[PDB]
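>
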RNA sequence: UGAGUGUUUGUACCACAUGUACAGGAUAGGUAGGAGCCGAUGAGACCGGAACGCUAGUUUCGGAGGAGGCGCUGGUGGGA
Ligand SMILES: Nc1ncnc2c1ncn2[C@@H]1O[C@H](COP(=O)(O)OP(=O)(O)OP(=O)(O)O)[C@@H](O)[C@H]1O
Ligand SMILES: Nc1ncnc2c1ncn2[C@@H]1O[C@H](COP(=O)(O)OP(=O)(O)OP(=O)(O)O)[C@@H](O)[C@H]1O
Ligand SMILES: [Mg+2]
Ligand SMILES: [Zn+2]
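Residue numbers (the authors' numbering), protein chains in the order written: chain F, 3 to 228; chain 5, 1 to 48; chain 0, 1 to 235.
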C-alpha cells in the first residue's frame with residue numbers, strides 16, 4: 003500500500019502534532035526520501051468559499067529566494083514596450099503577429115505578460131491560453147504597461163497563487179535543495195501575502211489548516227502562530 | 001374607497017404633500033407636478 | 001428564505017396582507033394556490049423584480065435558477081441554441097471583456113486602474129463559469145430529455161408547446177443554479193417527459209420551490225407545502 | 001440531583017470506500033508538485049471469489065508463480 007521510504011517518513015512525521023515553521027521545513031527536507039531535488043509546497047485551507055465572487059483569491063507573489071527553478075518568460079510587447087522586454091532579457095519577445103506562431107510554438111514558457119494595448123490583440127490567443135491558464139491576468143499583475151518589473155520578478159521567482167474551489171490554495175515555497183531557512187523565509191512571505199489577501203467579507207478563523215510537504219514526502223501540519 | 005395619501009418628490013424623496021384619492025377611481029399611484037420647497041422648483045411627486 | 005409582515009396591493013385588489021413565511025434550507029417546497037392567488041408574485045419578490053409595499057422579504061445570497069411560467073422569447077428569430085446559450089453569462093461577459101480591451105488600447109494611463117480591475121473580475125468570473133460548458137450543454141440535451149439536435153438550429157418560436165417547456169427546463173439546468181424556482185415545470189409535457197423531470201427533482205440535493213397544479217407530481221417531490229390563500233391574503 | 005443499559009439521533013475526528021458525459025488507449029473529482037515512481041519488505045501476466053457498475057468496465061481479497069511493471073514521452077480533450 004505504501005512504500006517503505008514513505009512509511010519511514012511517516013514514522014518521522016506526527017499527524018496530530020502541528021510542527022513549528024522551522025520544524026516543518028526541516029522535517030520536509032527529511033521526508034523527501036527519493037533522490038531528486040523535489041519541490042517543497044505548502045497548502046492553506048482558507049475558510050473562504052471561492053464560489054462567492056469576492057472570496058476567491060488569485061494573485062502573484064515575489065519570492066526573495068526564488069522557486070529553485072528558472073522560469074522562461076514570454077513577453078507580448080510592441081515598440082518601446084518591446085524595448086523594455088529586450089532590456090529585461092525576455093526568453094521570448096513577440097508582438098500580435100508573433101502570437102500566431104506562439105500558438106503551437108515556443109510553448110512551455112513559464113508565464114506570459116502582455117501590454118494593455120497588446121491585450122486586445124493578445125486575447126484571441128489567450129482564449130487558447132485560457133484552458134492552459136497561461137493568459138496574463140491583471141490581478142496577478144501579469145498585464146502591465148511596463149514589463150521590466152514583470153520579467154525581473156519572473157527571474158526572481160514570482161509565484162502565482164490561486165485558491166482552489168475547495169478552498170485549499172497550494173504554492174511551492176522552494177526546492178529541497180534550498181536551505182531550510184530560505185524555505186522558511188519563503189513560507190513566511192507566503193503567510194504574509196495570504197494575510198494581506200484575506201478578503202474583508204471573510205469571518206472567523208482565516209485558515210483552517212496549514213500543511214507543508216515535498217513533491218514526494220507526506221503532509222506535515224504546521225502551527226499558524228509560528 | 002377614498003384614502004389619505006402622501007405625495008413624495010421623486011427628485012429628493014421629500015414627503016412634501018398630503019392629499020386623498022379614491023383607490024377604485026385611481027388604482028395606480030397618483031402623480032402631480034408640484035412645487036418642492038426643499039428644491040424650490042416644480043418637480044414630479046408620486047404617491048408613496 | 002423568510003418574509004415578515006409582507007404587504008402587496010396592485011391597485012385595489014391586494015395580494016399579501018401581513019403575510020409571513022420561513023423556509024429552511026434544503027426544503028422541496030410545493031407552492032399551491034388557485035389561479036391569481038399570487039404564487040408567481042412570490043417568485044418575483046424573491047427575484048427582487050417586485051418590492052413589497054410594506055414588510056421585509058429575506059433571500060439568501062445563493063444563486064437562483066428561475067423557470068418562468070411563460071416562455072420569454074426576446075426575438076422571434078432566436079434559435080434554440082441561442083436561447084439556451086443565454087442561460088449562462090459567458091457571452092455577456094465576453095462582450096464586456098472585449099470592450100474593456102478596446103478601451104485599454106484607446107486609454108493609456110487614465111482609466112487603466114478601473115479597466116484592469118474590471119478585466120480581472122471578468123476573467124475570474126468567466127473561469128468560474130468554466131467556458132467548457134459549450135460542450136456540456138450540447139450533451140446536456142441528450143441526457144436530459146432526448147432533445148433532438150435538429151431543433152437545436154430551429155427558431156424557438158416555431159417549436160411546439162411541449163417542446164418549448166423542455167427547452168426552458170433545460171435552460172434552467174444549464175445555468176447551474178443553487179436554488180430552483182420552478183413555475184409549473186410540467187405545464188405542457190407529455191407523460192414520458194414528466195417522468196424525467198420527477199426523477200431529477202427527487203434526486204436534486206438543493207432547495208427547490210415548485211409552483212404546480214399537478215397533485216401527483218408534487219406528492220412525489222414535496223416535503224413541505226406552502227399554500228397561498230386567496231381570501232385571507234396570507235401564506 | 002448521582003450511577004448504568006439500550007434505542008434513536010445532530011455534530012466533529014478517524015478509517016474506509018465512489019468519482020465512468022463528448023472525445024480521449026479509457027472509469028478524467030479539483031488543486032499543486034510531478035520524471036521519475038513502484039516491485040524477492042513478493043512485480044508483470046494468469047485464475048477464482050467479493051464489491052461497485054453508467055454494463056464499458058472499475059475496486060479489492062485470495063491460489064499459484066517468481067521479477068517486473070508504471071509514469072515522462074506520444075495523441076486526445078477544456079482539463080491527462
Ligand atoms: N401589475 C398588476 N396589476 C394589476 N394586478 C396585478 C398585477 N400583477 C399581478 N396582479 C395580480 O396579482 C395576482 C396574483 O399574482 P400571480 O400572477 O402571481 O398569481 P398566480 O397564482 O401565480 O397565477 P397562476 O397560478 O394562474 O399562474 C394576479 O391575479 C394578478 O391579477
Ligand atoms: N410554424 C412552424 N414552423 C416550423 N415548424 C413547426 C411549426 N409548427 C410546428 N412545427 C413543428 O411541427 C412539429 C409538430 O407540430 P405541433 O405544433 O402540432 O406539435 P404538438 O403535437 O402540438 O406537440 P405539443 O403540443 O405536445 O408541444 C414540431 O417539431 C414543431 O417544432
Ligand atoms: Mg402564476
Ligand atoms: Zn423635492
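All residues carry an ideal CB built from backbone N, CA and C; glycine is no exception.
1. Quick one: which chain 0 residues come within Cβ less than 8 Å of residue 98 (chain F)?
2. Output the distance between the C-alpha atoms of residue 149 (chain F) and residue 119 (chain F), rounded to the nearest integer angstrom.
3. Which runs of the alpha helix (DSSP H) fall wholly inside the stretch 57-140 of chain F and span at least 4 residues, in chain order?
4. CA-CA distance, residue 158 (chain 0) and residue 56 (chain F)?
5. What residue range does the alpha helix (DSSP H) around residue 162 (chain 0) cover?
6. Return the residues of the stretch 73-105 of chain 0 that lie within a Cβ-Cβ distance of less than 7 Å from chain F, sorted by chain order.
7. Give a yes or no on whether the minimum CB-CB distance between residue 38 (chain 0) and chain 5 is below 8 Å.
8. Looking at the strands, I want to know which residues DSSP matches up with residue 65 (chain 0).
9. Report the rounded CA-to-CA distance for residue 50 (chain F) versus residue 67 (chain 0), giving the unit in angstroms.
10. From 54 (chain F), 85 (chain F), 169 (chain F), 32 (chain F), pick the residue whose C-alpha is nearest to that of residue 203 (chain F); which is it?
11. Does the Cβ of residue 13 (chain 0) have 16 or more other Cβ atoms within 10 Å, making it buried, or fewer, making it exposed?
12. Tell me the residue span of the beta strand (DSSP E) that contains residue 7 (chain 5).
13. Output yes if chain 0 places a C-beta closer than 8 Å to the C-beta of residue 23 (chain 5); else output no.
14. So that I know if they touch, is there some Cβ in chain F lying closer than 8 Å to that of residue 60 (chain 0)?
15. Any idea which residues DSSP pairs residue 212 (chain F) with across the strands?
16. Would you list the residues whose beta-carbon is nearer than 5 Å to any heavy atom of ligand 2, in the order they occur in the chain?
17. Taking the DSSP output, what are the residues bridged to residue 176 (chain F)?
18. Identify the contact partners of residue 236 (chain F) in chain 0, using a Cβ-Cβ distance below 8 Å as the criterion.
19. Within 8 Å of any Cβ in chain 5, is that where the Cβ of residue 11 (chain 0) sits?
20. Is the CB of residue 122 (chain F) under 8 Å away from at least one CB in chain 0?
21. Does residue 27 (chain 5) come within less than 8 Å of chain 0 when only Cβ atoms are used?
22. Just the C-alpha distance for residue 82 (chain 0) and residue 153 (chain 0), rounded to the nearest angstrom, thanks.
23. Going by beta-carbon coordinates alone, are residue 48 (chain F) and residue 212 (chain F) separated by less than 8 Å?
24. Is it buried or exposed, residue 184 (chain F), if we count other Cβ atoms within 10 angstroms and call 16 or more buried?
25. So residue 62 (chain F) packs on residue 33 (chain F), CB below 8 Å; how close in whole Å?
26. Looking only at DSSP bridge pairs, what is residue 29 (chain 0) linked to?
27. In three-state DSSP terms, what is residue 146 (chain 0)?
28. Assign residue 2 (chain 0) to one of three DSSP states: helix, strand, or coil.
29. On the CB-based measure, 16 or more other CB atoms within 10 Å of its CB, does residue 180 (chain F) come out buried or exposed?
30. Please report the distance separating the alpha-carbon of residue 127 (chain F) from that of residue 109 (chain F).
31. Whether or not the stretch 75-90 of chain F and the stretch 16-29 of chain 5 are in contact is what I'm after, with contact meaning three or more pairs of Cβ atoms, one per stretch, closer than 8 Å; do they touch?
32. Flag residue 184 (chain 0) as yes if its beta-carbon sits less than 8 Å from any beta-carbon of chain F, otherwise no.
33. Going by the beta-carbon positions, is the gap between residue 15 (chain 5) and residue 43 (chain 5) smaller than 8 Å?
34. Give the residues whose C-beta lies closer than 7 Å to at least one heavy atom of ligand 4, in chain order.
35. Since residue 27 (chain F) and residue 173 (chain F) should fall inside the 8 Å C-beta cutoff, what is the C-beta to C-beta distance between them, to a whole number of angstroms?
36. If we ignore side chains and look at the alpha-carbon of each, how far apart do residue 214 (chain 0) and residue 6 (chain 5) end up?
Reading from the atomic positions:
1. As a position in the first chain, residue 98 (chain F) is number 96, starting the count at 1. Residues of chain 0 passing the Cβ test: none, with the nearest at roughly 11 Å.
2. Reading the first chain from its first residue, position 147 is the one you call residue 149 (chain F). Reading the first chain from its first residue, position 117 is the one you call residue 119 (chain F). The C-alpha of residue 149 (chain F) lies about 13 Å from the C-alpha of residue 119 (chain F).
3. 82-90, 100-104, 118-134
4. Numbered from its first residue, the third chain carries residue 158 (chain 0) at position 158. Numbered from its first residue, the first chain carries residue 56 (chain F) at position 54. Taking the straight line from one Cα to the other gives about 42 Å.
5. Mapped onto the third chain, residue 162 (chain 0) falls at position 162. Counting along the chain, residue 162 (chain 0) sits inside the alpha helix (DSSP H) bounded by residues 161-174.
6. 101, 102, 104, 105
7. Sequence index remark: in the third chain, residue 38 (chain 0) carries index 38 (1-based). It does not: the Cβ of residue 38 (chain 0) has no partner Cβ on chain 5 nearer than 8 Å.
8. Here residue 65 (chain 0) is taken as the residue at index 65 of the third chain, counted from 1. Residue pairing from DSSP places residue 65 (chain 0) in a beta bridge opposite 180 (chain 0).
9. Residue numbering aside, residue 50 (chain F) sits at position 48 when the first chain is read from its first letter. Residue numbering aside, residue 67 (chain 0) sits at position 67 when the third chain is read from its first letter. A direct Cα-Cα distance of roughly 30 Å separates residue 50 (chain F) from residue 67 (chain 0).
10. By one-based count along the first chain, residue 203 (chain F) stands at place 201. Looking at the Cα atoms, 54 (chain F) is the closest of the given residues.
11. Looking up residue 13 (chain 0) in the third chain gives position 13. Residue 13 (chain 0) is exposed by the Cβ-count criterion.
12. In the second chain, the residue the question calls residue 7 (chain 5) occupies position 7. Taken as a continuous stretch (DSSP letters only), the beta strand (DSSP E) holding residue 7 (chain 5) covers 2-9.
13. Against the second chain, residue 23 (chain 5) aligns to sequence position 23. It does; some Cβ of chain 0 falls within 8 Å.
14. Sequence index remark: in the third chain, residue 60 (chain 0) carries index 60 (1-based). For residue 60 (chain 0), the answer is no, since every Cβ of chain F falls outside 8 Å of its Cβ.
15. Stepping through the first chain from its first residue, residue 212 (chain F) is reached at position 210. Answer is 46 (chain F), bridged to residue 212 (chain F).
16. Going along the chain, the residues that qualify are 158 (chain 0), 159 (chain 0), 160 (chain 0), 161 (chain 0), 162 (chain 0).
17. Residue 176 (chain F) sits at position 174 when you count from the first residue of the first chain. Paired residue(s): 42 (chain F).
18. The structure shown does not extend to residue 236 (chain F), since chain F is modelled only from 3 through 228, so no value can be given for it.
19. Looking up residue 11 (chain 0) in the third chain gives position 11. Yes, contact with chain 5.
20. Position 120 of the first chain, counting from 1, holds the residue named residue 122 (chain F). Under the 8 Å criterion on CB atoms, residue 122 (chain F) is classed as interfacial with respect to chain 0.
21. Within the second chain, the letter at position 27 stands for residue 27 (chain 5). Cβ-Cβ to chain 0 under 8 Å: yes for residue 27 (chain 5).
22. Numbered from 1 along the third chain, position 82 holds the residue referred to as residue 82 (chain 0). Numbered from 1 along the third chain, position 153 holds the residue referred to as residue 153 (chain 0). C-alpha separation (whole angstroms): 9 Å.
23. One-based indexing of the first chain puts residue 48 (chain F) at position 46. One-based indexing of the first chain puts residue 212 (chain F) at position 210. Taking a C-beta distance under 8 Å as the contact criterion, residue 48 (chain F) and residue 212 (chain F) do not qualify as a contact pair.
24. Against the first chain, residue 184 (chain F) aligns to sequence position 182. Buried, by the Cβ-count rule.
25. For the purposes of this step, residue 62 (chain F) is taken as the residue at position 60 of the first chain. For the purposes of this step, residue 33 (chain F) is taken as the residue at position 31 of the first chain. Their Cβ separation, rounded to whole angstroms, is 28 Å, which puts residue 62 (chain F) and residue 33 (chain F) out of contact at 8 Å.
26. By 1-based counting over the third chain, the position of residue 29 (chain 0) is 29. Beta-bridge pairing by DSSP links residue 29 (chain 0) to 209 (chain 0), 224 (chain 0).
27. Position 146 of the third chain holds residue 146 (chain 0). The DSSP-derived three-state label of residue 146 (chain 0) is coil.
28. On the third chain, position 2 is the one that residue 2 (chain 0) refers to. The answer is strand: DSSP assigns residue 2 (chain 0) an E or B state.
29. Along the first chain, read from residue 1 onward, the residue named residue 180 (chain F) stands at position 178. Under the 10 Å beta carbon count, residue 180 (chain F) is surrounded by 16 or more other beta carbons and is classified as buried.
30. If you number the first chain from 1, residue 127 (chain F) lands on position 125. If you number the first chain from 1, residue 109 (chain F) lands on position 107. Those two C-alpha atoms are separated by around 13 Å.
31. Fewer than three pairs of CB atoms, one per stretch, sit closer than 8 Å, so the stretch 16-29 of chain 5 makes no contact with the stretch 75-90 of chain F.
32. For the purposes of this step, residue 184 (chain 0) is taken as the residue at position 184 of the third chain. Not one chain F Cβ lies under 8 Å of residue 184 (chain 0).
33. For the purposes of this step, residue 15 (chain 5) is identified with residue 15 of the second chain, where counting begins at 1. For the purposes of this step, residue 43 (chain 5) is identified with residue 43 of the second chain, where counting begins at 1. It is not a contact, given that the beta carbons lie outside the stated cut-off.
34. 9 (chain 5), 11 (chain 5), 12 (chain 5), 14 (chain 5), 16 (chain 5), 36 (chain 5), 38 (chain 5), 39 (chain 5), 43 (chain 5)
35. Taking the first residue of the first chain as 1, we reach residue 27 (chain F) at position 25. Taking the first residue of the first chain as 1, we reach residue 173 (chain F) at position 171. About 14 Å separates the two Cβ atoms, so there is no contact after all.
36. Mapped onto the third chain, residue 214 (chain 0) falls at position 214. Mapped onto the second chain, residue 6 (chain 5) falls at position 6. Each residue's Cα considered, the two are about 44 Å apart.
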